[PDB]
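Colleague: Here is the sequence, then the experimental structure:
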Amino acid sequence: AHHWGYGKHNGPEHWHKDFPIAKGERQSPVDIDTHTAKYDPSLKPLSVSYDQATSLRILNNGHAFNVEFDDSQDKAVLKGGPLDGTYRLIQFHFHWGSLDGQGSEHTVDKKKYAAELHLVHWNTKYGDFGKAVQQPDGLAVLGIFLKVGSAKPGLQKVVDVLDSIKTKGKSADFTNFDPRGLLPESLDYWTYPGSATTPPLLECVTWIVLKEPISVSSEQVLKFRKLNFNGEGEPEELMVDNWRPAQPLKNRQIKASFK
Ligand SMILES: NS(=O)(=O)c1nc2ccccc2s1
Ligand SMILES: [Zn+2]
């Protein structure tokens, strides 16, 4: 079974041994060089339709926590932008640092943000998530940077439940959470073809990374950093620095939706 992580012996630099696609041609995340990203006037506005999103549960999976959604019909969908077709929200999660100066997976002109939110959606033309991840256009991940400043009121419900899912394998009911409260004002974005950022690192993702970060408070992110990678009763390993660093861009172009 999987033994990868973000510790001292099993971290990103080791993943390729079990998952050789780690050294593939379309791996994520990447550094976004803002000057080299070309404005593409053919890119459409992003359609984020979360009005009917139905959250169910929050889970500490040992590498992050996932806020899970009922994806058994088109309730919360992403379309437009660079996408063809309709992509259904399945879960969101975050990556964050041990300090505010790191935590994001994507970087912007080498800048690291304190954290990064990933809203994961699967292409409905493939019928289920597990089939979608086997396709080059199977997933669309909306990435949103977090900076530390003013609190995000829409995040507080998430923060407050974390004490109940401290350790790996714990979950809690988490209904009625509205992901719209995690979105910045602007939907300007960068897009490129890439991969999942955790094993198995499948090359199935159209990345949509919003330019505008959301602000969260230092107290909010401090509570992320109280989570544990370990299971109950095991030696405490704080869940921090659960980010994969930037990977080679290779033969890819990053496009901008904005001038
Ligand atoms: N961190 S992320 O790319 O949003 C992501 N990682 C994974 C791993 C397995 C399946 C899907 C995804 S989507
Ligand atoms: Zn992620």
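Modeller: Great, that's in hand. Numbering: from 1, shown residues only. Ligands and ions are numbered 1, 2, ... in the order given.
Colleague: Next to ligand 1, which bits of the stretch 51-200 of the chain? Give me the list.
Modeller: The stretch 51-200 of the chain has residues 118, 120, 133, 141, 196-198 near ligand 1, with proximity defined as CB under 6 Å from any ligand atom. Backbone N, C-alpha and C define where each C-beta goes, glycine included.
Colleague: Check the residues you listed and tell me the two furthest apart.
Modeller: 118 and 133 (14.3 Å; CB to CB).
Colleague: Which one's more surrounded, the two?
Modeller: The neighbour count for residue 118 versus residue 133, taken as other CB atoms under 10 Å, is higher for residue 118 (24 against 18).
Colleague: show me the contacts for the more buried one.
Modeller: 92-95, 141-143, 197 (CB atoms under 8 Å, 6 or more residues apart in numbering).
Colleague: Mind listing the strands the host helix or strand of it pairs with, and their directions?
Modeller: Here residue 118 sits within strand 115-123, counting by DSSP states H and E. Strand pairing for strand 115-123, determined by DSSP bridges: strand 87-96 (antiparallel), strand 139-148 (antiparallel).
Colleague: So for that strand, what gets flagged as buried?
Modeller: By neighbour count on 16 or more other CB atoms under 10 Å, the buried set for strand 115-123 is 115-123.
Colleague: helix or strand right after it?
Modeller: Immediately after strand 115-123, counting by DSSP H and E, sits helix 129-132.
Colleague: how far out from the middle of the chain is that following helix?
Modeller: 17 Å (CA atoms, centre = their mean, to the nearest Å).
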